[PDB]
Amino acid sequence: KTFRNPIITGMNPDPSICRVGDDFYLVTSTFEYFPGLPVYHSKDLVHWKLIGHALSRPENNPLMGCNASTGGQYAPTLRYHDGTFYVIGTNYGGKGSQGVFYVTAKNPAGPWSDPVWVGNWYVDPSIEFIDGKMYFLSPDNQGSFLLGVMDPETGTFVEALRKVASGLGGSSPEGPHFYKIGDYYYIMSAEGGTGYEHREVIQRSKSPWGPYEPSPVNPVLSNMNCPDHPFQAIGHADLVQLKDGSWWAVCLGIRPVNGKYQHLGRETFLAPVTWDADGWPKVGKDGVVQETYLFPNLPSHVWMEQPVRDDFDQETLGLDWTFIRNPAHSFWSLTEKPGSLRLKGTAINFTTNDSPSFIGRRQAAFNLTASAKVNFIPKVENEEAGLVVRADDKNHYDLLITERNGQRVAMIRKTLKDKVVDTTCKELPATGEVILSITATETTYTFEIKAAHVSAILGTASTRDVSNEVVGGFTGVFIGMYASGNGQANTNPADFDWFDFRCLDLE
Ligand SMILES: [Ca+2]
């Protein structure tokens, strides 16, 4: 048996893992998206199932006012000690955020606690449980790493933060984790940046408090030295040890199109870690995270496939569905028209930093088909609803039903650099159901419509123009249902009977 990387696709950056007996749990960063910090579950490190989110409530994910793509939830760390799971991270820019927080749970599916604010703004806070102590390791935004000890109950520092080590020469020392393995305490961290020079490095000491000395086989993992490789910007790893004693790393990376641009976001990868004779870890001979590997020494456990169609025919919204900042439940219902997701477009659109009536999911494949049957009668030109390809608040493609010159129409509208650049309309019948459809390849999104007396490819757009390299920030594309009255509320609701999502990267 083998597996193909990546192990979790679509926007899933900054992976943090822990093993609790036969079960593995993993979290990734979410930024402005709610619920925050999804928790995935596996029994083989390869097949992952979404089971909850660490931040499923507005009191533990305050997001209002945060910037798209550079605000909200940054790298989380996930750990487990004495019947209790802990997730620590940083919230930047949300009204009511005090910076670094953690939340706890007995069940990793939830419910999680309200935040325990630790009282600083350090990025990439990490925790580890060693010798009956809860260590807190973070960078100091000045090239150095700070270690401290923390009371699990209160989040207060019992031993205060102090400098113990620093980065090893590379840009933006990030993502430090603390491990006690054999004779030594190890600080493993990321350097180089967000780009091609990203790498994981390690150092160790006889004592937690230093001094630390660098690995002679740095880096631990990087695709820096293979510019041909289909995976790039590999880094921000977290280690996990199995019951057979062997070691695996999860880390983030990108899958560029023609080696130039990435739009799906930073995804999660899996690589075997080997320790050399002197006690230093490395992935392979060269540190390169490969496309396929021999399977972990664990029994294969494939999860029941999620169906293509969400029929919106139960009271509980599927866990993959995602909102922008803190959603008011007043804009959506699965109750009010049973069998449909009812979306009520408000005055709010993307141009502010609160929560527009948007519900979407991560584009988890280059090649896909996404479609939705929607009932929407607009009464005036400002009113619209349909599907959106979102990169951020300034960059998104809108496949919407609206009213133009007393005709109900289907519209593809391309917004880039916060300006509308292209708009193409086709006339719909005055009433009746409309199937809106978005199909994707590595390079192109194609937008299609179907109704009574109306079926047509409406337009195309580039994946390149929504890519990280053009738009900046720390996110990747979401495809979602959308309604907005652009200054006014929509008169009528937009009712989505179903939503198909088909990933086709295997073929
Ligand atoms: Ca339905």
# chains A, B, ... in the order shown; residues from 1 in each chain; ligands from 1
>>> residues_near_ligand(ligand="ligand 1", cutoff="8 Å", atoms="only C-alpha atoms and all ligand atoms", output="JSON list (two decimals) with N, CA, C and O atoms, in the first residue's frame")
[["chain", "number", "residue", "atom", "x", "y", "z"],
["A", 310, "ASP", "N", -25.69, 17.81, -1.61],
["A", 310, "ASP", "CA", -26.33, 18.20, -0.35],
["A", 310, "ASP", "C", -27.75, 18.67, -0.68],
["A", 310, "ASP", "O", -27.95, 19.71, -1.32],
["A", 311, "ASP", "N", -28.73, 17.87, -0.25],
["A", 311, "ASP", "CA", -30.15, 18.16, -0.51],
["A", 311, "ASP", "C", -30.74, 19.21, 0.45],
["A", 311, "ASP", "O", -31.89, 19.60, 0.28],
["A", 312, "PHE", "N", -29.99, 19.64, 1.47],
["A", 312, "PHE", "CA", -30.50, 20.61, 2.44],
["A", 312, "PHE", "C", -31.85, 20.15, 3.01],
["A", 312, "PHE", "O", -32.83, 20.90, 3.06],
["A", 313, "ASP", "N", -31.90, 18.89, 3.41],
["A", 313, "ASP", "CA", -33.15, 18.24, 3.82],
["A", 313, "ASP", "C", -33.06, 17.67, 5.24],
["A", 313, "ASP", "O", -33.70, 16.67, 5.55],
["A", 338, "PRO", "N", -38.51, 23.82, 4.57],
["A", 338, "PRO", "CA", -37.91, 22.48, 4.68],
["A", 338, "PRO", "C", -37.53, 21.90, 3.33],
["A", 338, "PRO", "O", -38.31, 21.98, 2.38],
["A", 339, "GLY", "N", -36.33, 21.35, 3.23],
["A", 339, "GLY", "CA", -35.82, 20.80, 1.97],
["A", 339, "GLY", "C", -35.03, 21.80, 1.16],
["A", 339, "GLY", "O", -34.46, 21.44, 0.13],
["A", 340, "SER", "N", -34.97, 23.05, 1.62],
["A", 340, "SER", "CA", -34.17, 24.07, 0.96],
["A", 340, "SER", "C", -33.31, 24.81, 1.96],
["A", 340, "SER", "O", -33.71, 24.97, 3.12],
["A", 341, "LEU", "N", -32.13, 25.26, 1.52],
["A", 341, "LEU", "CA", -31.41, 26.30, 2.27],
["A", 341, "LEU", "C", -31.91, 27.66, 1.80],
["A", 341, "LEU", "O", -31.71, 28.03, 0.64],
["A", 496, "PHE", "N", -32.23, 27.56, -2.10],
["A", 496, "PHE", "CA", -31.37, 26.58, -2.76],
["A", 496, "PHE", "C", -31.86, 25.20, -2.40],
["A", 496, "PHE", "O", -31.73, 24.77, -1.26],
["A", 497, "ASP", "N", -32.44, 24.51, -3.38],
["A", 497, "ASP", "CA", -32.99, 23.17, -3.18],
["A", 497, "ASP", "C", -31.86, 22.16, -2.96],
["A", 497, "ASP", "O", -31.96, 21.28, -2.11],
["A", 498, "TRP", "N", -30.80, 22.27, -3.75],
["A", 498, "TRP", "CA", -29.64, 21.42, -3.55],
["A", 498, "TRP", "C", -28.37, 22.08, -4.07],
["A", 498, "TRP", "O", -28.43, 23.12, -4.70]]
>>> residues_around(residues="segment 123-131 of chain A", least_positions_apart="2", cutoff="10 Å", atoms="only C-alpha atoms", output="short mmCIF file (atom, residue, chain, number, x, y, z; two decimals) with N, CA, C and O atoms, in the first residue's frame")
data_model
loop_
_atom_site.label_atom_id
_atom_site.label_comp_id
_atom_site.auth_asym_id
_atom_site.auth_seq_id
_atom_site.Cartn_x
_atom_site.Cartn_y
_atom_site.Cartn_z
N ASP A 14 -1.26 25.32 7.92
CA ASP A 14 -0.72 25.33 9.30
C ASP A 14 -1.18 24.11 10.10
O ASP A 14 -1.70 24.26 11.21
N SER A 16 -1.73 21.16 12.54
CA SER A 16 -1.22 20.65 13.82
C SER A 16 -1.91 19.35 14.19
O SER A 16 -3.13 19.25 14.12
N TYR A 74 -5.07 32.44 12.85
CA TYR A 74 -3.75 32.09 12.30
C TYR A 74 -3.41 30.68 12.80
O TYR A 74 -4.29 29.98 13.28
N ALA A 75 -2.16 30.25 12.64
CA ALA A 75 -1.76 28.86 12.97
C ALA A 75 -2.18 28.41 14.36
O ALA A 75 -1.81 29.03 15.34
N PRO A 76 -2.99 27.33 14.44
CA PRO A 76 -3.33 26.71 15.70
C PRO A 76 -2.38 25.58 16.04
O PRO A 76 -1.80 24.97 15.14
N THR A 77 -2.25 25.28 17.33
CA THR A 77 -1.59 24.05 17.76
C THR A 77 -2.61 23.22 18.56
O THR A 77 -3.35 23.78 19.36
N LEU A 78 -2.65 21.91 18.31
CA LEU A 78 -3.59 20.96 18.95
C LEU A 78 -2.82 19.95 19.79
O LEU A 78 -1.93 19.27 19.30
N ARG A 79 -3.18 19.84 21.07
CA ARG A 79 -2.55 18.84 21.95
C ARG A 79 -3.58 18.18 22.85
O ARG A 79 -4.73 18.63 22.93
N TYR A 80 -3.16 17.10 23.50
CA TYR A 80 -4.02 16.30 24.38
C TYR A 80 -3.27 15.92 25.66
O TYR A 80 -2.13 15.43 25.58
N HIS A 81 -3.91 16.12 26.81
CA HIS A 81 -3.36 15.74 28.11
C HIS A 81 -4.45 15.41 29.14
O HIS A 81 -5.33 16.23 29.40
N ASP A 82 -4.36 14.20 29.70
CA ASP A 82 -5.25 13.74 30.78
C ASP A 82 -6.73 14.00 30.50
O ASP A 82 -7.38 14.81 31.19
N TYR A 86 -6.58 20.39 23.87
CA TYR A 86 -6.26 21.82 23.95
C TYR A 86 -5.93 22.31 22.54
O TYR A 86 -5.18 21.66 21.82
N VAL A 87 -6.52 23.45 22.17
CA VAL A 87 -6.18 24.10 20.92
C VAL A 87 -5.84 25.56 21.18
O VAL A 87 -6.71 26.33 21.59
N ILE A 88 -4.60 25.93 20.91
CA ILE A 88 -4.10 27.29 21.10
C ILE A 88 -3.90 27.91 19.72
O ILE A 88 -3.47 27.23 18.79
N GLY A 89 -4.24 29.18 19.58
CA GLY A 89 -3.97 29.92 18.35
C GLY A 89 -3.94 31.40 18.59
O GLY A 89 -3.94 31.85 19.75
N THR A 90 -3.91 32.18 17.52
CA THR A 90 -3.99 33.64 17.60
C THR A 90 -5.10 34.19 16.70
O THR A 90 -5.24 33.78 15.55
N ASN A 91 -5.88 35.13 17.23
CA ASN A 91 -6.91 35.88 16.47
C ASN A 91 -6.41 37.32 16.27
O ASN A 91 -6.19 38.04 17.24
N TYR A 92 -6.22 37.73 15.02
CA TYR A 92 -5.83 39.11 14.70
C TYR A 92 -6.96 39.84 14.01
O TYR A 92 -7.40 39.42 12.94
N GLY A 99 -5.86 38.49 21.29
CA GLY A 99 -4.67 37.89 20.66
C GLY A 99 -4.63 36.39 20.85
O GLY A 99 -5.49 35.67 20.34
N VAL A 100 -3.64 35.90 21.60
CA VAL A 100 -3.45 34.47 21.77
C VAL A 100 -4.47 33.92 22.75
O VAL A 100 -4.68 34.49 23.80
N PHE A 101 -5.08 32.80 22.39
CA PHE A 101 -6.09 32.13 23.22
C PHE A 101 -5.93 30.62 23.11
O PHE A 101 -5.34 30.13 22.16
N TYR A 102 -6.50 29.88 24.05
CA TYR A 102 -6.79 28.48 23.83
C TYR A 102 -8.19 28.10 24.27
O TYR A 102 -8.82 28.81 25.04
N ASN A 120 -1.17 37.91 25.19
CA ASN A 120 -0.17 38.44 24.25
C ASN A 120 -0.63 38.26 22.80
O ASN A 120 -1.64 37.59 22.54
N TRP A 121 0.11 38.86 21.88
CA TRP A 121 -0.24 38.86 20.46
C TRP A 121 0.78 38.08 19.60
O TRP A 121 0.93 38.35 18.40
N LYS A 133 4.14 19.48 33.10
CA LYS A 133 4.10 20.93 32.86
C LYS A 133 3.56 21.19 31.47
O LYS A 133 3.75 20.39 30.54
N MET A 134 2.89 22.33 31.33
CA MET A 134 2.36 22.78 30.05
C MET A 134 3.24 23.91 29.53
O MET A 134 3.11 25.07 29.97
N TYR A 135 4.14 23.57 28.60
CA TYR A 135 5.06 24.54 27.99
C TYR A 135 4.36 25.37 26.92
O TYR A 135 3.52 24.86 26.19
N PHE A 136 4.73 26.65 26.84
CA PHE A 136 4.23 27.59 25.83
C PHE A 136 5.48 28.06 25.11
O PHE A 136 6.37 28.60 25.74
N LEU A 137 5.53 27.83 23.80
CA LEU A 137 6.61 28.28 22.96
C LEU A 137 6.00 29.18 21.88
O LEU A 137 4.98 28.83 21.27
N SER A 138 6.60 30.34 21.66
CA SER A 138 6.21 31.21 20.56
C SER A 138 7.41 31.99 20.05
O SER A 138 8.37 32.17 20.79
N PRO A 139 7.35 32.47 18.78
CA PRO A 139 8.29 33.49 18.33
C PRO A 139 7.93 34.84 18.91
O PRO A 139 6.79 35.02 19.34
N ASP A 140 8.88 35.77 18.92
CA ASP A 140 8.67 37.10 19.51
C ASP A 140 8.57 38.24 18.48
O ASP A 140 8.62 39.41 18.85
N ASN A 141 8.42 37.89 17.20
CA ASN A 141 8.38 38.88 16.10
C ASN A 141 9.66 39.72 16.01
O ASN A 141 9.65 40.83 15.49
N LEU A 146 10.47 32.13 22.44
CA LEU A 146 10.23 32.36 23.87
C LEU A 146 9.57 31.15 24.47
O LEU A 146 8.57 30.67 23.95
N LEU A 147 10.12 30.64 25.56
CA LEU A 147 9.54 29.52 26.28
C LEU A 147 9.03 29.99 27.64
O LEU A 147 9.62 30.88 28.26
N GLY A 148 7.93 29.38 28.10
CA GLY A 148 7.32 29.65 29.40
C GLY A 148 6.53 28.43 29.86
O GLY A 148 6.40 27.45 29.12
N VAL A 149 6.02 28.47 31.09
CA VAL A 149 5.20 27.39 31.64
C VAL A 149 3.89 28.01 32.07
O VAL A 149 3.85 29.16 32.51
N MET A 150 2.83 27.23 31.95
CA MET A 150 1.47 27.73 31.98
C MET A 150 0.63 26.79 32.83
O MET A 150 0.83 25.57 32.82
N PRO A 152 -2.66 24.89 33.28
CA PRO A 152 -3.75 24.43 32.40
C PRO A 152 -5.14 25.03 32.70
O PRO A 152 -5.89 25.30 31.77
N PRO A 173 11.23 33.58 11.25
CA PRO A 173 11.15 32.37 12.06
C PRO A 173 9.74 32.21 12.60
O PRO A 173 9.24 33.06 13.32
N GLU A 174 9.10 31.13 12.18
CA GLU A 174 7.70 30.88 12.44
C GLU A 174 7.53 29.45 12.94
O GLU A 174 8.47 28.66 12.96
N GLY A 175 6.32 29.15 13.37
CA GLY A 175 5.86 27.80 13.64
C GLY A 175 6.67 26.89 14.54
O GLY A 175 6.81 25.70 14.22
N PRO A 176 7.18 27.42 15.68
CA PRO A 176 8.01 26.57 16.54
C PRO A 176 7.19 25.58 17.34
O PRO A 176 6.15 25.95 17.89
N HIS A 177 7.64 24.33 17.38
CA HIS A 177 7.06 23.33 18.28
C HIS A 177 8.15 22.78 19.18
O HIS A 177 9.31 22.72 18.78
N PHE A 178 7.73 22.36 20.36
CA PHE A 178 8.59 21.92 21.42
C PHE A 178 8.35 20.42 21.62
O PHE A 178 7.21 20.00 21.81
N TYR A 179 9.41 19.61 21.57
CA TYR A 179 9.30 18.17 21.83
C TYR A 179 10.40 17.69 22.77
O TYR A 179 11.53 18.18 22.71
N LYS A 180 10.06 16.76 23.65
CA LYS A 180 11.04 16.09 24.49
C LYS A 180 11.14 14.70 23.94
O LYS A 180 10.25 13.90 24.16
N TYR A 185 15.57 18.16 24.39
CA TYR A 185 14.41 18.99 24.08
C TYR A 185 14.68 19.59 22.71
O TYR A 185 15.78 20.09 22.47
N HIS A 236 6.19 24.55 7.87
CA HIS A 236 5.26 24.58 9.01
C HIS A 236 4.76 23.18 9.39
O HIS A 236 3.56 22.89 9.39
#
>>> closest_atom_pairs(of="segment 345-463 of chain A", to="segment 250-271 of chain A", cutoff="9 Å", atoms="only C-alpha atoms", output="JSON lines")
{"residue": "A:362", "atom": "CA", "partner": "A:264", "partner_atom": "CA", "distance": 7.8}
{"residue": "A:363", "atom": "CA", "partner": "A:264", "partner_atom": "CA", "distance": 6.0}
{"residue": "A:364", "atom": "CA", "partner": "A:264", "partner_atom": "CA", "distance": 6.9}
{"residue": "A:365", "atom": "CA", "partner": "A:264", "partner_atom": "CA", "distance": 7.4}
{"residue": "A:366", "atom": "CA", "partner": "A:264", "partner_atom": "CA", "distance": 7.5}
{"residue": "A:391", "atom": "CA", "partner": "A:263", "partner_atom": "CA", "distance": 8.0}
{"residue": "A:442", "atom": "CA", "partner": "A:257", "partner_atom": "CA", "distance": 6.5}
{"residue": "A:443", "atom": "CA", "partner": "A:257", "partner_atom": "CA", "distance": 7.4}
{"residue": "A:463", "atom": "CA", "partner": "A:263", "partner_atom": "CA", "distance": 6.5}
>>> closest_residue(among="A:292, A:415, A:392, A:483", to="residue 376 of chain A", atoms="only C-alpha atoms")
A:483
>>> residues_around(residues="residue 193 of chain A", least_positions_apart="5", cutoff="12 Å", atoms="only C-alpha atoms", output="list in words")
residues 169, 170, 171, 172, 173, 174, 175, 198, 199, 200, 222, 224, 232, 233, 234, 235, 236 and 253 of chain A
>>> closest_residue(among="A:208, A:57, A:446, A:44", to="residue 327 of chain A", atoms="only C-alpha atoms")
A:57
>>> residues_around(residues="residue 344 of chain A", least_positions_apart="6", cutoff="12 Å", atoms="only C-alpha atoms", output="PyMOL selection string")
chain A and resi 327-334+336+356-359+375-378+383-386+481-485+488-496
>>> closest_residue(among="A:158, A:399, A:164, A:434", to="residue 143 of chain A", atoms="only C-alpha atoms")
A:164
>>> decode(residues="segment 202-230 of chain A", atoms="N, CA, C and O atoms", output="mmCIF file, in the first residue's frame")
data_model
loop_
_atom_site.group_PDB
_atom_site.id
_atom_site.type_symbol
_atom_site.label_atom_id
_atom_site.label_comp_id
_atom_site.auth_asym_id
_atom_site.auth_seq_id
_atom_site.Cartn_x
_atom_site.Cartn_y
_atom_site.Cartn_z
ATOM 1 N N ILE A 202 15.498 22.403 12.613
ATOM 2 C CA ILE A 202 15.427 21.930 14.004
ATOM 3 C C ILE A 202 16.712 22.210 14.788
ATOM 4 O O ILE A 202 17.781 22.391 14.210
ATOM 5 N N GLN A 203 16.569 22.299 16.108
ATOM 6 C CA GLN A 203 17.688 22.457 17.039
ATOM 7 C C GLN A 203 17.328 21.790 18.364
ATOM 8 O O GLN A 203 16.146 21.525 18.627
ATOM 9 N N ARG A 204 18.330 21.516 19.196
ATOM 10 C CA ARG A 204 18.097 20.793 20.442
ATOM 11 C C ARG A 204 19.007 21.222 21.598
ATOM 12 O O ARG A 204 20.050 21.849 21.405
ATOM 13 N N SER A 205 18.585 20.854 22.803
ATOM 14 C CA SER A 205 19.332 21.143 24.018
ATOM 15 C C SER A 205 19.114 20.038 25.054
ATOM 16 O O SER A 205 18.106 19.343 25.024
ATOM 17 N N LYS A 206 20.074 19.877 25.958
ATOM 18 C CA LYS A 206 19.903 19.013 27.134
ATOM 19 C C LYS A 206 18.840 19.594 28.083
ATOM 20 O O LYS A 206 18.160 18.839 28.792
ATOM 21 N N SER A 207 18.691 20.922 28.071
ATOM 22 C CA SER A 207 17.731 21.624 28.921
ATOM 23 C C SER A 207 16.667 22.385 28.102
ATOM 24 O O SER A 207 16.978 22.921 27.041
ATOM 25 N N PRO A 208 15.421 22.481 28.621
ATOM 26 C CA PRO A 208 14.400 23.290 27.943
ATOM 27 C C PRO A 208 14.831 24.728 27.678
ATOM 28 O O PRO A 208 14.493 25.297 26.627
ATOM 29 N N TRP A 209 15.587 25.294 28.622
ATOM 30 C CA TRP A 209 15.921 26.714 28.622
ATOM 31 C C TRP A 209 17.164 27.035 27.808
ATOM 32 O O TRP A 209 17.592 28.189 27.782
ATOM 33 N N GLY A 210 17.744 26.033 27.148
ATOM 34 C CA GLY A 210 18.884 26.248 26.255
ATOM 35 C C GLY A 210 20.232 26.089 26.945
ATOM 36 O O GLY A 210 20.277 25.703 28.111
ATOM 37 N N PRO A 211 21.339 26.378 26.252
ATOM 38 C CA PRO A 211 21.354 26.854 24.874
ATOM 39 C C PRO A 211 21.127 25.731 23.852
ATOM 40 O O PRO A 211 21.481 24.572 24.101
ATOM 41 N N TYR A 212 20.528 26.092 22.719
ATOM 42 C CA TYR A 212 20.205 25.143 21.658
ATOM 43 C C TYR A 212 21.254 25.211 20.574
ATOM 44 O O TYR A 212 21.776 26.290 20.277
ATOM 45 N N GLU A 213 21.547 24.055 19.983
ATOM 46 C CA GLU A 213 22.480 23.951 18.873
ATOM 47 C C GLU A 213 21.762 23.372 17.654
ATOM 48 O O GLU A 213 20.866 22.545 17.805
ATOM 49 N N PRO A 214 22.163 23.795 16.443
ATOM 50 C CA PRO A 214 21.413 23.439 15.243
ATOM 51 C C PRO A 214 21.684 22.014 14.767
ATOM 52 O O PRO A 214 22.722 21.434 15.085
ATOM 53 N N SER A 215 20.751 21.465 13.998
ATOM 54 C CA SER A 215 20.947 20.165 13.366
ATOM 55 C C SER A 215 22.027 20.260 12.297
ATOM 56 O O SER A 215 22.062 21.241 11.547
ATOM 57 N N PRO A 216 22.896 19.237 12.214
ATOM 58 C CA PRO A 216 23.848 19.158 11.104
ATOM 59 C C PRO A 216 23.215 18.696 9.783
ATOM 60 O O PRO A 216 23.879 18.728 8.750
ATOM 61 N N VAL A 217 21.967 18.237 9.814
ATOM 62 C CA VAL A 217 21.269 17.844 8.599
ATOM 63 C C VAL A 217 20.004 18.687 8.398
ATOM 64 O O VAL A 217 19.023 18.219 7.840
ATOM 65 N N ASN A 218 20.047 19.951 8.822
ATOM 66 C CA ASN A 218 19.042 20.920 8.383
ATOM 67 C C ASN A 218 19.086 21.099 6.852
ATOM 68 O O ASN A 218 20.167 21.018 6.268
ATOM 69 N N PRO A 219 17.941 21.298 6.192
ATOM 70 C CA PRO A 219 16.617 21.350 6.791
ATOM 71 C C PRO A 219 15.965 19.978 6.991
ATOM 72 O O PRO A 219 16.382 18.978 6.389
ATOM 73 N N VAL A 220 14.918 19.957 7.810
ATOM 74 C CA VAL A 220 14.169 18.741 8.094
ATOM 75 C C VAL A 220 13.313 18.359 6.880
ATOM 76 O O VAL A 220 13.278 17.195 6.459
ATOM 77 N N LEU A 221 12.609 19.342 6.340
ATOM 78 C CA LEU A 221 11.855 19.151 5.102
ATOM 79 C C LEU A 221 11.792 20.462 4.333
ATOM 80 O O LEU A 221 11.671 21.527 4.931
ATOM 81 N N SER A 222 11.967 20.355 3.016
ATOM 82 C CA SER A 222 11.849 21.471 2.086
ATOM 83 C C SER A 222 11.899 20.979 0.648
ATOM 84 O O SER A 222 12.616 20.032 0.354
ATOM 85 N N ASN A 223 11.137 21.640 -0.229
ATOM 86 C CA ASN A 223 11.213 21.445 -1.695
ATOM 87 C C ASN A 223 11.925 22.607 -2.423
ATOM 88 O O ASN A 223 11.873 22.714 -3.647
ATOM 89 N N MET A 224 12.574 23.463 -1.634
ATOM 90 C CA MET A 224 13.565 24.456 -2.076
ATOM 91 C C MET A 224 14.519 24.014 -3.207
ATOM 92 O O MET A 224 14.682 24.732 -4.188
ATOM 93 N N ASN A 225 15.130 22.839 -3.071
ATOM 94 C CA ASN A 225 16.150 22.356 -4.031
ATOM 95 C C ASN A 225 15.623 21.581 -5.256
ATOM 96 O O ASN A 225 16.424 21.160 -6.097
ATOM 97 N N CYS A 226 14.306 21.378 -5.353
ATOM 98 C CA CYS A 226 13.676 20.824 -6.563
ATOM 99 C C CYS A 226 12.672 21.850 -7.117
ATOM 100 O O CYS A 226 11.501 21.830 -6.732
ATOM 101 N N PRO A 227 13.127 22.759 -8.015
ATOM 102 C CA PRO A 227 12.185 23.706 -8.639
ATOM 103 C C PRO A 227 11.217 23.044 -9.639
ATOM 104 O O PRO A 227 10.167 23.623 -9.938
ATOM 105 N N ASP A 228 11.575 21.857 -10.145
ATOM 106 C CA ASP A 228 10.686 21.059 -10.995
ATOM 107 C C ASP A 228 9.515 20.416 -10.222
ATOM 108 O O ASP A 228 8.476 20.131 -10.823
ATOM 109 N N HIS A 229 9.668 20.205 -8.909
ATOM 110 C CA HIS A 229 8.702 19.415 -8.130
ATOM 111 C C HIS A 229 7.283 20.016 -8.137
ATOM 112 O O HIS A 229 7.139 21.234 -8.033
ATOM 113 N N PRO A 230 6.234 19.166 -8.276
ATOM 114 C CA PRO A 230 4.847 19.685 -8.287
ATOM 115 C C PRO A 230 4.367 20.316 -6.962
ATOM 116 O O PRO A 230 3.432 21.106 -6.981
#
